[PDB]
Amino acid sequence: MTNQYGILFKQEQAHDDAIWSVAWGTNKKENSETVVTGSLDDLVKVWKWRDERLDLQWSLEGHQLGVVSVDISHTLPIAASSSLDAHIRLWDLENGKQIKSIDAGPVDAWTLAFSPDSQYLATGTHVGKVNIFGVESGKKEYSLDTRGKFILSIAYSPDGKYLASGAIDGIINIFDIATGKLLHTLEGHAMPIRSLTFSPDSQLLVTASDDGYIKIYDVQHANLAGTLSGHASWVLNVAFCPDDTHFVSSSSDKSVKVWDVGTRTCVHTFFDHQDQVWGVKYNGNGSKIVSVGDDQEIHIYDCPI
Amino acid sequence: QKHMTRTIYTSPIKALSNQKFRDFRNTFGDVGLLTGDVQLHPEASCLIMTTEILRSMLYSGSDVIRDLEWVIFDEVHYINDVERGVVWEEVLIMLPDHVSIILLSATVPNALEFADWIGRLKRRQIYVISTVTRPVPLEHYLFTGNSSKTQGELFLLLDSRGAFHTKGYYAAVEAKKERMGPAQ
Amino acid sequence: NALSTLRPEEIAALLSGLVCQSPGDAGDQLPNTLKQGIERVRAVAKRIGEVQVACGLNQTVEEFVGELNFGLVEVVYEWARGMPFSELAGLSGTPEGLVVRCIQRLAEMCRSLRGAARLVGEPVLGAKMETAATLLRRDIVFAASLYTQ
Amino acid sequence: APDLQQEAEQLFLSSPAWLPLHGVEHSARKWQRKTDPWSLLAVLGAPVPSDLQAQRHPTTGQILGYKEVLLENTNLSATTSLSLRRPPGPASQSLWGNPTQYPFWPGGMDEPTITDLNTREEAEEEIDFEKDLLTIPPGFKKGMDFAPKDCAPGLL
Amino acid sequence: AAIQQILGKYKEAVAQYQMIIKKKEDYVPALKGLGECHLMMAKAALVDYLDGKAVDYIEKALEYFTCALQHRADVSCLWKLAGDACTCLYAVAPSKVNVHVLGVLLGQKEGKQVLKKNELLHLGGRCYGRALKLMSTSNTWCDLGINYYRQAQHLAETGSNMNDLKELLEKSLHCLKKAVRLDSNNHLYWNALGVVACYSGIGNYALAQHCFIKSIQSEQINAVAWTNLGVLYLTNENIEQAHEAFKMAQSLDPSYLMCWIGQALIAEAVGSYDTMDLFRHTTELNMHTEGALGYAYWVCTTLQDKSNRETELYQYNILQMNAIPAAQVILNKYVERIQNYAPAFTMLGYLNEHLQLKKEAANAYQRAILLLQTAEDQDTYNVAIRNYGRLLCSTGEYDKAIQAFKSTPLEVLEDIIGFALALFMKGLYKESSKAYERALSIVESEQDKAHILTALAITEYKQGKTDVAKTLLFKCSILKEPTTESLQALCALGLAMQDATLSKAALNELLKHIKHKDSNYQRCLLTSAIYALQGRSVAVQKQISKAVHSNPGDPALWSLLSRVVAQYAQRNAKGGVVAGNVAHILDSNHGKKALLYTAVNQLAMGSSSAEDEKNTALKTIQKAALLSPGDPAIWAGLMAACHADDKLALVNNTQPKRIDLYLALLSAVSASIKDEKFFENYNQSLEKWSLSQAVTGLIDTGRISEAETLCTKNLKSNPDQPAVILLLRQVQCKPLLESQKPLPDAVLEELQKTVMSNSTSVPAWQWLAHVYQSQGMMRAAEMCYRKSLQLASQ
Amino acid sequence: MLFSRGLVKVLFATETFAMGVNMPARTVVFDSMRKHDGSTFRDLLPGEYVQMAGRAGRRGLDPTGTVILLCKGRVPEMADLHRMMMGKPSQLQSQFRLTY
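Chains as they are written, first to last, in the entry's author numbering: chain A, 1 to 305; chain B, 350 to 529, 546 to 549; chain C, 1098 to 1246; chain D, 51 to 201, 205 to 209; chain E, 639 to 1432; chain F, 649 to 748.
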């Protein structure tokens, strides 16, 4: 009764070492289909899924250490990446050349996330705050503050007006961009969070903590609608479908499952990687999945609409 | 597709209903396929099915039957089978009245005692069309070994006009006489 | 209560006796649990055939119970543990198409039983049939078709 | 990571919390069970008998106005009637493999013959609710006998 | 839009209706459709237990219906749907409904109005009355009767009155009887009459049974009537016949929830074995309240029995169906729905405690405390107080824990022990000792006596007074059988002292007759520490190697071997690297420590490899930094890795890389240290080492000014410590002596004095001798090197 | 998929290719006249042969199509070959039966 799932392409060795993050953006109004991936290197290679296969397009690099998160924007041609190098240099994605460089160390940024309108590029600091920079306009207009611990995941509701932040030790903080005042703090899990995502229409917040469970909270109150437990090790990323019916979760047990939120059950599991899977995303009208893994590979799946 | 309605194409063989799916998706628009586990696009207008599934969604409502126009029974000469012939007769009875039927066949003799059954089981008139003389006719040869190195002689015992040739057969057996498993 | 008290990696091998449609035989290198589950299945089939033939039906108990033809029990039990395909190919003398067809026809029943175990009210068969199915289909046995996508 | 001796001292003599004395166990607490079977009673509501159907000018039809009329094919459901007038179904649902649902008419069968022409509007039949009470379920052999209970309004 | 609404797809219908509304505003059917769609969405929300969402939707639906009713107020269906919307909010836990009704609905047209529950239901009754007035049909009559029933139910359930709602119930029966007599061929009316007739306030059971039987006869496909008969018989102690009725009901509709719940209740009553599974199935179907409470109760009861954890009941069910999290979610929904029942709160607290969600458990117990004050005042309230105080003490807020423990009779062992531990946590050690003594008074189960004695030793020790601790632990040792707890504390006490003579005896005693301990890691740590005390420093690694040989599993042992080889006898670098890698392989959650230790071991090794990528020190330390970016060691390791990589690349002579990041890493190290609980000496050493390495790196790269300012800022904090001043000397004297220059004896003497200040450090001496060599004092440099060699050897 | 583009030249197919696909080819060559259906090792019946023979001609890419029988073991035995190569295919039965 489920759909027809299966692989479409398999890149053999994209990078030379582990791949730590991936971002899929169909940014331009025409048919662009650009995939930006970053690894345990300086390389931020920019692939393009053209017709049936991935063709390498850019091999741009300016970093000193491994990149821990990369990001792309849907409006402009642009990308941003941060690393352990204490730099958030953001590339151009058109000429393959650096645009800017912001100095910020592991006490000022861990992971990137652009704005819905591609203007602000919020990142999570060490002392608990969330620092919001300004793209194309300088540095550090303001930082929202939650009195907590190291902060790992940063998400935006894809209509504005909401910002979420998971932390080491579990607690979850939801801010509203309108006033910057903490609405309410969920207590969530007992181990680090390291992934969060809203859903399209921004009324359902899906976490994925370090112990294996996947809470499905609900925004504008603190109601939770259930716990999805089907993994056997850490969960490292969660990407939510364009239509509010499925989401994909990649764990450290070498398997990328795809859940559905209606009945809180797992439809299909992919057993194709051979080591930890550090990144999964959908594409535009969600019908394909990217999964970059610790072993140097880029898998592209086929999830029919 | 012109009238906005829906049509269900049903073929008996599980492996035959895949290349039909590909060619019907290539020829025009949306064509869903349904099988034991696959559910490719269960929203299209040319759902391709195995009869054991249509018999399973006729017993319940399934809310697709509200929109049918044609049911294209593809190879209807599998009724003579002993282990699956009951499916075609569980299906041909339960079809509601507004659903027209198209029955492709393979030139059986008693086509008028079958279309009469379906014509008066429902209450609609059914038209029987039967043909002969397939295009690009075929010559049935007979190959008997001789001089396996290069020489190959083929005897014609049936031709493009259906006339049986006994002369060729006698020639073949006589040819075999003169000479008188894996290595041969 | 036959199936409820077994491992999820054993119920697939017990249900493999209904599907293989291949020349059948018993086994030697089988655990005790499988060799007794086979007895349970055969006893239930004998009971059904005995109530069938005592009513007026004409199908002798041996003819009904002979449809149960084990002989892929060892291959399915080894397949739903982590054994790669090559060792399965070596294991026994059946063409590797008649094995993949049997496994494909088993993963569609260990998922239609998930639909009935939720209906009877057996929430312990559901948590075993949703494991024996997700543990059975991973590789070229279930490789997607070419002229489908 | 720090050297062994101070690590061990922290591990054991930091506080008495680590003792099995202060754990989640070692209390053996109890709770009381309180069933409440009256909650199971379910009351369903009746459907709405009106639709605001449009009007149509008899010639060169245009919607003059919307007039409310009475629906006619309510009290008909997907699991107790077989015709093309029943409500569609529960929701988006599995295509097949659904017991408790009725197939449509098999085409050679119509099976409708009744008139029942009363058509009244004040048809109150004067039912007696306390004279002779029916006390046998359909299918059982005996029901249950409850004791009888002893001991017409207006508003604007 | 209407066609899309029929088939579900409510969001698309709403969007289409809004598009129509933007152009034209008076279009009545579009408003009616919007109202119906919002009402249906509200009902779908109430099918789950998201009550707030439902209240919001119904508020919006009322907005649309009043807007439509302003234009054409002669149609009946609009009034009926308005009444439906308002009265579908029964059983929604009042103090959660504040509905902003506005305009025509409340008669005169003034502003806005906020309605509570009863007022909303009364408005519902009024609206149904108005709808019925202008079109007299059966459905509205039955709905009006149900509305009156709901109103009476709400009034009684809030205890606001009794026997003053009689007229309301009489009116409801009148309406329902009118509806049924109007058309006596519909199961809905008979079923509604049956349910109302058997309400606790009326109690006319004969009519209820008659009504249900008539309903069944009217339409044979009726699960609702059969399950209602089952409930009627079951509550009147007729379990058998009710069981039959329930079985029939589920036979007609296998996925109706109430019948399954009734089956579970009957199974529980007659004491079967598959009641827990039946409740689990009910939980999986659709989240009703009664099944929810039943399942939570059964999970908690199963957890209590401690003879279970091999049964395949506990193991499979609890630990492989994730019963505990499901129970927690179920209880959260139940508790927010009902919220006037204490055992639900206590069960929620218990389950949260097993999930280590301590903050939420504290909240649950707090609410339970509030509920239970003025009803019982017996042991239950005291037990709730002790639990809340204990848990509060578990996570900070010690003063609140002490305050909570004040408000209880301190007469049972549990309360006194909780008070004592809270007091110990805050300070006040004498008070803790007194409390523990009082708890010692009332003691059974001599195991607990031994534990209390060990706690006494531990708590009084922190005051000093070690001798009494030692003798008291011996007093505990004199008990019949050792406890494996006092012996460990005795060894740790010996290690806190020196001259580990009693420590050896304690370790031998522990090994001798105690085998039921199943950690196998603490024992190895104690043995290794004992060997380290005597300064042996090579046996330690040998002993841990023996322990890992004994039990080749247990990753923890492999990791500890790697750490010890890194710390003591750092000449087996290759073995340490292999041990760390093996520890990392055999699991995943030991990633952090094993990766850190293997990175440090690779640093110690040098470059004795095949010049292979993807396995140098930098790669592994980066991997560890990604795993847990919380500890302060990984960042210092990162700085060391960068410096070593720079030197190695310089030797290979291709390019120096990773030039200027030291200051950021130092800031990260200090910030991470700030949140560490207590390893005071270790933290001080780590911060000092990071400072030294950063200054040296900055000097090497060439950023003299930043090093100078950093040193000055650090020195401005505190009076001089002879280490940092040497660093400032180094930064000062780097420009000069770089270019050849002659220096005056005053500067040389001051530098000599500064090195002499902080002795016992071979680096500093070697660097000064290098200074001598640079200016040129050969024999003197030889003397300085000789002193350094002697110091290193000693 | 490699036979529908003419990149393979000889197919050693069996009956499952005779039913499950169409993929016409130019010249069909048989290998025997009798098959083993129900343990009676029967003679090939007239209705079947027509299907395999039918997938012999191609459409407009050749004048005709040649079906080559390959009798090798013994004489062709023209008597039953007559009824095999021509004959009314089969009547139309009805296998109705009751299932649970």
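All C-beta atoms in this analysis are idealised placements derived from N, C-alpha and C, irrespective of residue type, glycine included.
* To do: Give the C-beta separation of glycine 1065(E) and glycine 1027(E) to the nearest angstrom, bearing in mind that I take them to be a contact with Cβ-Cβ under 8 Å.
  => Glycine 1065(E) to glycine 1027(E), Cβ: 17 Å. No contact.
* To do: Jot down the residue ranges of each uninterrupted alpha helix (DSSP H) in the stretch 818 to 888 of chain E, minimum 4 residues, whole runs only, in chain order.
  => Runs of the alpha helix (DSSP H) inside the stretch 818 to 888 of chain E: 825 to 835, 843 to 856, 861 to 873.
* Asked: Would you call the stretch 1140 to 1160 of chain E and the stretch 1217 to 1228 of chain C touching, i.e. three or more CB-CB distances under 8 Å?
  -> As far as the Cβ criterion goes, the stretch 1140 to 1160 of chain E does not touch the stretch 1217 to 1228 of chain C, which means the pair count is below three.
* To do: Whole angstroms is fine: what's the gap from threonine 245(A)'s alpha carbon to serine 144(D)'s?
  => When rounded, the separation of the alpha-carbon atoms in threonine 245(A) and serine 144(D) is 16 Å.
* Asked: When DSSP labels each residue in this structure, what does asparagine 131(A) get in the three-state scheme?
  -> Note: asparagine 131(A) maps to strand in three-state DSSP.
* Beta carbon of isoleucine 151(A) nearer than 8 Å to that of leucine 163(A) -> Contact: no.
* Supposed close pair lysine 670(E), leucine 102(D) - CB separation, criterion 8 Å -> Yes, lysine 670(E) and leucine 102(D) are in contact; Cβ-Cβ is about 7 Å, under 8 Å.
* So, is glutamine 500(B) buried or exposed, given that buried needs 16 or more other C-beta atoms within 10 angstroms? -> Under this definition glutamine 500(B) is an exposed residue.
* Output yes or no for whether 8 Å exceeds the beta carbon distance between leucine 8(A) and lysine 288(A). => Annotated as proximal: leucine 8(A) and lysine 288(A), with beta-carbon spacing under 8 Å.
* To do: Identify which residue in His684(F), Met671(F), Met700(F), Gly708(F) has its Cα closest to the Cα of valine 656(F).
  => With distances taken between Cα atoms, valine 656(F) lies closest to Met671(F).
* To do: Please state if the CB of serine 509(B) and the CB of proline 484(B) are separated by a distance shorter than 8 Å.
  => For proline 484(B) and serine 509(B), no; Cβs fall outside 8 Å.
* **Exposure label - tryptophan 437(B); buried when at least 16 CB within 10 Å** => When all chains shown are included, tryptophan 437(B) counts as buried.
* Member of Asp275(A), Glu30(A), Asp302(A), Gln203(A) whose CA lies at the smallest distance from the CA of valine 248(A) -> The candidate whose alpha carbon is nearest that of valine 248(A) is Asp302(A).
* Under 8 Å, do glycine 909(E) and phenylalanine 917(E) count as touching if we go by C-beta distance? -> No Cβ-Cβ contact shorter than 8 Å links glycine 909(E) with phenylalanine 917(E).
* Asked: Nearest-angstrom Cα distance between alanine 1138(E) and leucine 63(D)?
  -> Using only the alpha carbons, I get a separation of about 16 Å.
* Asked: Thinking C-alpha only, which one of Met1(A), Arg50(A), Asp275(A), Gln119(A) is nearest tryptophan 20(A)?
  -> Scanning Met1(A), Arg50(A), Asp275(A), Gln119(A) for the CA closest to the CA of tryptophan 20(A) turns up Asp275(A).
* Asked: Is it right to say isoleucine 1108(C) is buried, meaning 16 or more other beta carbons lie within 10 angstroms of its own, or is it exposed?
  -> By the 10 Å Cβ count, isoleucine 1108(C) comes out buried.
* Tell me which same chain residues have a C-beta within less than 7 Å of the C-beta of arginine 1367(E), skipping the five on either side of it? -> Closer than 7 Å at Cβ, skipping near neighbours: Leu1389, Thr1392.
* Hey, how far is the Cα of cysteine 1207(C) from the Cα of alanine 1213(C)? -> About 10 Å.
* In angstroms, rounded to a whole number, what distance separates the CA positions of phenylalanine 422(B) and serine 449(B)? -> Between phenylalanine 422(B) and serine 449(B), the C-alpha separation is close to 11 Å.
* **Option in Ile451(B), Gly434(B), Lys351(B) with minimal Cα separation from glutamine 743(F)** => Ranking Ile451(B), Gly434(B), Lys351(B) by Cα distance to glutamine 743(F) puts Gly434(B) first.
* Asked: What whole-angstrom Cβ distance do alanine 980(E) and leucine 1009(E) have, given they're in contact under 8 Å?
  -> Confirmed, Cβ separation roughly 5 Å.
* Tell me, please, whether the stretch 1265 to 1282 of chain E touches the stretch 1233 to 1241 of chain E by the rule of three or more beta-carbon pairs shorter than 8 Å. => Yes: at least three Cβ pairs fall under 8 Å.
* Which residues share a DSSP beta bridge with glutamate 748(E)? -> For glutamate 748(E), which the question treats as bridged, DSSP gives no partner whatsoever.
* Helix, strand or coil for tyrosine 1019(E), going by three-state DSSP, please let me know. => Correct three-state label for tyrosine 1019(E): helix.
* Just confirm the distance between the C-beta atoms of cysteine 1349(E) and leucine 1374(E), as a whole number of angstroms; I'd bet it's less than 8 Å. => So it is not a contact: roughly 17 Å between Cβ atoms.
* To do: Report whether the distance from the Cβ of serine 742(F) to the nearest heavy atom of the ligand NAP is below 7 Å.
  => Ligands displayed in this structure: none; no statement on the ligand NAP is therefore possible.
* To do: Output the residue ranges of the beta strand (DSSP E) runs that lie fully inside the stretch 476 to 527 of chain B and measure 3 residues or longer, sorted by chain position.
  => Within the stretch 476 to 527 of chain B, the beta strand (DSSP E) runs of at least 3 residues that lie entirely inside it are, in chain order, 487 to 492, 503 to 505.
* Ignoring anything shorter than 3 residues or poking outside the stretch 65 to 148 of chain A, list the beta strand (DSSP E) runs there in chain order. => Within the stretch 65 to 148 of chain A, the complete beta strand (DSSP E) runs of at least 3 residues are 67 to 72, 79 to 83, 122 to 124, 130 to 134, 138 to 144.
* Asked: Taking Cβ-Cβ distances below 7 Å as the criterion, which residues of the stretch 757 to 778 of chain E are in contact with chain D?
  -> Residues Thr775, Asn777.
* Asked: Out of curiosity, what's the CA-to-CA distance linking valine 1362(E) and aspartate 1192(E)?
  -> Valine 1362(E) and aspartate 1192(E): Cα-Cα distance of roughly 43 Å.
* By how many angstroms is the C-alpha of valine 127(A) removed from the C-alpha of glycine 148(A)? -> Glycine 148(A) and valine 127(A) have their C-alpha atoms spaced approximately 8 Å apart.
* Return the chain-ordered list of same chain residues with a C-beta closer than 6 Å to the C-beta of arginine 703(F), the five sequence neighbours on each side being excluded. => If we look at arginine 703(F) and ignore the five residues flanking it on each side, its Cβ neighbours are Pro672.
* Could you name the residues of chain A that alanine 1241(C) contacts, counting a contact when the two beta carbons are closer than 9 Å? => Residues of chain A passing the Cβ test: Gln4, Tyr5, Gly6, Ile7, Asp302.
* May I have the straight-line CA-CA distance separating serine 142(D) from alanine 104(D), to the nearest angstrom? => Distance between the alpha carbons of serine 142(D) and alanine 104(D) is about 29 Å.
* Beta-ladder partner(s) of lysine 257(A), from DSSP -> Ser249(A), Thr269(A), per the DSSP bridge assignment.
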